[PDB]
Asks: 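Okay, here's the structure, questions in a sec.
Each chain gets a letter, A, B and so on, in the order the sequences are listed, and its residues count up from 1.
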Amino acid sequence: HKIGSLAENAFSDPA
Amino acid sequence: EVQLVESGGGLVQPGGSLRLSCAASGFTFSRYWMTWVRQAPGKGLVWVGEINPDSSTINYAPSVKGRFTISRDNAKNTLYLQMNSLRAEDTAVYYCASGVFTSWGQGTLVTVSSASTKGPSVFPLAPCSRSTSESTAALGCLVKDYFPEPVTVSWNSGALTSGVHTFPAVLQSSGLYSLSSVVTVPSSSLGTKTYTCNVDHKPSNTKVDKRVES
Amino acid sequence: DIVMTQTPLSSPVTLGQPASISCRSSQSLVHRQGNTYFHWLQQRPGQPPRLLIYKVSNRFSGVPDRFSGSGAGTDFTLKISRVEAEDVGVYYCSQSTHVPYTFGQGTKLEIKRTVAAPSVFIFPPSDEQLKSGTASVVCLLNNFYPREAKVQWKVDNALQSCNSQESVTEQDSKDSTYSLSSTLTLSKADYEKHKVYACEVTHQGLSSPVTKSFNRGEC
């Protein structure tokens with residue numbers, strides 16, 4: 001059901 | 001600086017097990033999903049799976065479901081991949097990544113093979129003397145008869161990079177790998193420094209520094 | 001699972017000119033009633049991949065304006081507008097709309113540069129190696145373009161077959177050339193039966209083939 005693409009920070013630079 | 005430092009790779013026999021680690025710093029690891037991706041030698045990227053921050057969701061590729069287990073330890077900022085029932089088709093460089101590919105580890109090569117580890121022989125490559133001027137002069141090291149990959153080669157401890165070409169290894173008919181690393185320099189500069197190739201093969205506990213004289 | 005189809009090699013692109021790489025998905029990448037999770041990644045040799053464009057058209061950190069993305073549904077394109085030598089590498093399309101996330105096979109960007117003839121060198125077997133029963137002779141072709149090159153080994157002018165192997169580097173990120181090694185493997189016994197060892201190289205940048213040779217013992 002849950003996939004990482006839908007996380008708020010999925011495409012945020014961790015730096 | 002974000003760092004994702006992987007470890008645990010190397011040679012493993014078919015049917016065996018290996019655990020990879022990916023240690024994170026420079027960001028709040030506990031807030032990110034984490035991802036494994038692999039790449040067989042000379043082939044494309046293949047997704048292995050992902051895990052959410054609290055480990056309540058773990059998604060896997062069909063090719064690994066039931067053989068591989070992803071986990072994490074947020075207290076140690078570390079992601080793990082436990083691989084069981086390994087087969088030759090699992091040979092690959094395994095990468096970890098944050099989120100959906102937003103920062104990557106360096107990769108660690110897992111070789112699934114029944115062959116033994118064998119350390120390389122390191123031989124100098126130096127031409128015969130020349131009597132017509134040429135614009136560059138070449139030297140190198142032949143790194144022959146090792147298993148598994150990888151070997152790493154540097155020159156002068158990584159200070160010499162301009163003019164260096166380290167070739168992709170080839171599999172010889174013996175089943176052992178070989179490669180050469182060469183460096184070419186402007187001819188009149190040849191005698192102004194020394195040339196040492198630093199060869200490291202971790203599986204065989206091999207570290208060689210070979211001085212190459214023209 | 002969703003299949004992502006892209007071609008393995010781009011047309012050779014000249015420095016400063018644009019390149020376009022396309023990818024098709026086997027089903028729509030629109031997630032339910034929201035975003036399109038289609039991305040482009042760049043991989044240079046020996047390096048991990050790097051996210052370039054995410055969700056069709058968003059540039060990731062440190063990605064300059066010459067990289068842009070477009071498309072919708074099942075067809076997408078990466079444009080590299082004013083290609084630089086450092087842009088050489090392999091470009092992967094990716095979907096993460098549904099698990100398992102999947103990737104295309106990778107499209108290699110090839111840079112078209114002026115013809116460059118190889119510099120050729122021949123390396124005899126080392127005395128160290130000869131003390132062990134095998135002789136390796138190495139021929140180096142350095143910094144040439146295009147990639148196609150013919151290397152022949154002659155031992156006392158007899159063509160050698162089935163006893164050499166070649167390795168070729170990926171296109172260089174600075175000068176856009178290739179380098180190639182050819183390694184001839186002989187027993188020490190066979191090596192001591194002959195005198196003249198030669199590598200002969202044919203390449204578009206050479207009007208006549210180049211031969212580099214040595215005589216066993218002379219060095």
Asks: Donor-acceptor pair, distance only, cut-off 3.5 Å: does the side chain of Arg216(C) make one with the backbone of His194(C)?
Replies: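 Yes; judged by distance alone, with no hydrogens or angles, the pair exists.
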Asks: Keeping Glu166(C) on the side-chain end and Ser182(C) on the backbone end, is there a donor-acceptor pair under 3.5 Å?
Replies: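 Checked: no pair found.
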Asks: Write down the atom of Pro48(C), the atom of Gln106(B), and the distance for their closest heavy-atom approach.
Replies: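 Nearest heavy atoms, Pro48(C) then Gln106(B): CG-CA, 4.4 Å.
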Asks: Show your working on side-chain contact (heavy atoms from CB on, under 4.5 Å) between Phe167(B) and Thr169(C) and close with a plain yes or no.
Replies: CA-CA 6 Å; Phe167(B) 286 91; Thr169(C) 58; 3.8 Å; yes
Asks: Is any side-chain heavy atom of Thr184(B) less than 4.5 Å from a side-chain heavy atom of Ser119(C)?
Replies: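 No, side chains not in contact.
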Asks: Which atoms form the tightest heavy-atom contact between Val12(B) and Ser17(B), and what is the distance?
Replies: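 Scanning both residues, the minimum pair turns out to be CG2-O, 3.7 Å.
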Asks: Tell me whether the rings of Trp104(B) and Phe101(B) are parallel (<30°), tilted (30 to 60°) or perpendicular (>60°).
Replies: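 Parallel: the ring planes of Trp104(B) and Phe101(B) meet at under 30°.
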Asks: Name the one of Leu79(B), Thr78(B), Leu81(B) that satisfies side chain to side chain contact (heavy atoms under 4.5 Å, CB included) with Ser21(B)?
Replies: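 Option passing the side chain to side chain contact (heavy atoms under 4.5 Å, CB included) with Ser21(B): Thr78(B).
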Asks: Between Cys139(C) and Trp153(C), is a side-chain contact (heavy atoms from CB on, under 4.5 Å) present by the stated rule, with each step listed?
Replies: CA-CA 9 Å; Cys139(C) 188; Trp153(C) 282 102; 3.6 Å; yes
Asks: Give the ring-plane orientation class for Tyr177(B) versus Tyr146(B), where under 30° counts as parallel, over 60° as perpendicular and anything between as tilted.
Replies: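 Tilted, since the angle between the ring planes falls between 30° and 60°.
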Asks: Is a donor on one side and an acceptor on the other found under 3.5 Å between the side chain of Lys79(C) and the backbone of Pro18(C)?
Replies: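 Side chain of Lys79(C) to backbone of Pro18(C), a donor-acceptor pair under 3.5 Å: no, none is there.
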Asks: Kindly indicate whether the side chain of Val137(C), heavy atoms from C-beta on, has any atom under 4.5 Å from the side chain of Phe214(C).
Replies: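 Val137(C) vs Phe214(C): side chains touch.
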Asks: For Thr194(B), is there any backbone N or O sitting under 3.5 Å from a side-chain donor or acceptor partner on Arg211(B)?
Replies: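 Answer holds: no.
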Asks: Quick one: CG on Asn156(B) to OH on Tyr195(B), what's the gap to the nearest 0.5 Å?
Replies: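 If I round to the nearest 0.5 Å, the distance is 8.0 Å.
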Asks: Quick check on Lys108(C): does its NZ atom have over 12 non-hydrogen neighbours (other residues, nucleotides or ligands) under 6.0 Å away?
Replies: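 Open.
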Asks: Establish, yes or no, whether the cationic atom of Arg19(B) lies under 6.0 Å from the six-membered ring centre of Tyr80(B) and within 45° of the ring axis.
Replies: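 Ring-cation test returns yes.
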Asks: State, yes or no, whether a side-chain contact exists between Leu139(B) and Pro127(B) at a heavy-atom distance under 4.5 Å.
Replies: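 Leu139(B) vs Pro127(B): side chains touch.
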Asks: Report yes or no: does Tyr60(B) contribute a side-chain atom to a donor-acceptor pair with the main-chain N or O of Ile70(B) at less than 3.5 Å?
Replies: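 Yes; at least one donor-acceptor contact below 3.5 Å.
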Asks: So that I can tick it off, tell me whether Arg113(C) and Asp175(C) are bridged by a salt bridge, with the cut-off set at under 4.0 angstrom between side-chain N and carboxylate O.
Replies: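 The answer is no: the pair does not qualify as a salt bridge.
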Asks: Using only atom types and a distance under 3.5 Å, with no angle test, would you say the side chain of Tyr94(B) pairs donor to acceptor with the backbone of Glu6(B)?
Replies: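 Side chain of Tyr94(B) to backbone of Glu6(B): no pair is present.
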Asks: Quick one: does any side-chain atom of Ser179(C) pair with a main-chain N or O of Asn143(C) as donor and acceptor, under 3.5 Å?
Replies: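 At least one qualifying donor-acceptor pair exists.
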Asks: Looking at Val88(C), is its backbone amide N or carbonyl O close enough to the side chain of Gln171(C) to form a donor-acceptor pair, meaning the two atoms are under 3.5 Å apart?
Replies: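 Answer holds: no.
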Asks: I'd like to know whether CZ of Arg147(C) has more than 12 heavy-atom contacts from other residues, nucleotides or ligands below 6.0 angstrom.
Replies: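 Check fails, neighbour count at 12 or below.
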Asks: Heavy atoms, side chains only, cut-off 4.5 Å: are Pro49(C) and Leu45(B) in contact?
Replies: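 Answer yes - side chains close enough.
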Asks: Between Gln160(C) (side chain) and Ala158(C) (backbone), is there a donor-acceptor pair under 3.5 Å?
Replies: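 Yes; at least one donor-acceptor contact below 3.5 Å.
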Asks: Consider only side-chain N and O atoms of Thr111(B) and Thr91(B), and report whether a donor and an acceptor are under 3.5 Å apart.
Replies: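 The criterion, which ignores hydrogens and geometry beyond distance, is not satisfied for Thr91(B) and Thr111(B).
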Asks: State, to 0.1 Å, how close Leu140(C) and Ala138(B) come at their nearest heavy-atom pair, and which atoms those are.
Replies: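 Answer, listing the atom of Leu140(C) first, then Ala138(B): CD2-CB, 4.4 Å.
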Asks: Side-chain contact, heavy-atom cut-off 4.5 Å: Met83(B) with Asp90(B)?
Replies: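 In short, these two side chains do not touch, never coming nearer than 4.5 Å.
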Asks: Of all residues at least two apart in sequence or in a different chain, which pass the side-chain contact (heavy atoms from CB on, under 4.5 Å) check with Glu84(C)?
Replies: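 Testing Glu84(C) for side-chain contact (heavy atoms from CB on, under 4.5 Å), a comparison that skips the adjacent residues, returns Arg66(C), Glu86(C), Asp87(C).
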Asks: Run the ring-centre check on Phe11(A) versus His39(C) and record whether the distance is less than 6.0 Å.
Replies: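 Yes, the ring centres sit under 6.0 Å apart.
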Asks: Can you name the nearest heavy-atom pair linking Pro146(C) to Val115(C), along with the distance?
Replies: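 Taking every non-hydrogen atom into account, CD-CG2, 4.3 Å.
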Asks: With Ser181(B) as reference, evaluate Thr152(B), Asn198(B), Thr166(B) under the side-chain hydrogen bond (donor to acceptor under 3.5 Å, both in side chains) test and give the passing residue.
Replies: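 Result: among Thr152(B), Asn198(B), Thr166(B), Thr166(B) is the only option passing the side-chain hydrogen bond (donor to acceptor under 3.5 Å, both in side chains) with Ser181(B).
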Asks: Output, in order, the C-alpha distance, side-chain angles, deciding distance and verdict of side-chain contact (heavy atoms from CB on, under 4.5 Å) for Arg59(C) and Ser68(C).
Replies: CA-CA 7 Å; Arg59(C) 296 181 187 87; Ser68(C) 58; 4.0 Å; yes
Asks: Scan side-chain atoms only and decide if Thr183(C) and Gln165(C) contain a donor-acceptor pair under the 3.5 Å cut-off.
Replies: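 No donor-acceptor contact under 3.5 Å links the two side chains.
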Asks: Give me the ring orientation class for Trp40(C) and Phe38(C): parallel if the planes are under 30° apart, tilted from 30 to 60°, perpendicular past 60°.
Replies: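 Geometry flag for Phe38(C) against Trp40(C): perpendicular rings.
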Asks: For residues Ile122(C) and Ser213(C), report the shortest heavy-atom separation together with the two atoms involved.
Replies: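 Answer, listing the atom of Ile122(C) first, then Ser213(C): CG2-N, 3.9 Å.
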Asks: Among side-chain atoms of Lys144(B) and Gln172(B), is any donor-acceptor pair under 3.5 angstrom?
Replies: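 Yes, because at least one side-chain N or O of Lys144(B) sits under 3.5 Å from a partner of the opposite role on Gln172(B).
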Asks: Taking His203(C) as the fixed residue, which of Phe144(C), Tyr178(C), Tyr145(C) is the one that meets the ring-ring contact (aromatic ring centres under 6.0 Å, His included) rule?
Replies: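 Per the ring-ring contact (aromatic ring centres under 6.0 Å, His included) rule, the option paired with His203(C) is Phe144(C), out of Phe144(C), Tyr178(C), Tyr145(C).
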Asks: Apply side-chain contact (heavy atoms from CB on, under 4.5 Å) to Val5(B) and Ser7(B), showing your working.
Replies: CA-CA 7 Å; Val5(B) 174; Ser7(B) 57; 5.9 Å; no
Asks: Which is it for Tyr197(C) and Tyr191(C) under the ring pair (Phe, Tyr, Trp, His ring centres under 6.0 Å) test, yes or no, and what are the steps along the way?
Replies: CA-CA 9 Å; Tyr197(C) 289 84; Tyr191(C) 175 73; 4.8 Å; yes
Asks: Side chain of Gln13(B), backbone of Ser114(B): donor and acceptor closer than 3.5 Å?
Replies: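 No.
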Asks: Which value, rounded to the nearest 0.5 Å, describes the distance between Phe121(C) atom CZ and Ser181(C) atom OG?
Replies: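 One finds 14.0 Å between CZ of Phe121(C) and OG of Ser181(C).
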Asks: Residues two or more places apart in sequence or in another chain: which of them pass ring-ring contact (aromatic ring centres under 6.0 Å, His included) with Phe27(B)?
Replies: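 ring-ring contact (aromatic ring centres under 6.0 Å, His included) check on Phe27(B) returns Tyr32(B).
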Asks: Check the pair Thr102(B), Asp13(A) against side chain to side chain donor-acceptor pair (under 3.5 Å), reporting the backbone distance first and the verdict last.
Replies: CA-CA 6 Å; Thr102(B) 52; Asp13(A) 190 1; over 6 Å; no
Asks: Looking at OH of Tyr91(C) and OG of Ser10(C), how far apart are the two atoms once the value is rounded to the nearest 0.5 Å?
Replies: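 So the OH of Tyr91(C) and the OG of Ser10(C) are separated by 9.5 Å.
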Asks: Compare all side-chain heavy atoms of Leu20(B) with those of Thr108(B) and state whether any distance is below 4.5 angstrom.
Replies: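 Answer yes - side chains close enough.
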Asks: Of all heavy-atom pairs between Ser57(C) and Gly69(C), which one has the smallest distance, and what is that distance?
Replies: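 Taking every non-hydrogen atom into account, CB-O, 3.4 Å.
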Asks: Are any of the side-chain heavy atoms of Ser204(B) and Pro120(B) separated by less than 4.5 Å?
Replies: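 A side-chain contact under 4.5 Å exists here.
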Asks: When you compare the side chain of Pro100(C) with that of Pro62(B), does any pair of heavy atoms fall below 4.5 Å?
Replies: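 SC-SC contact between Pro62(B) and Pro100(C) confirmed.
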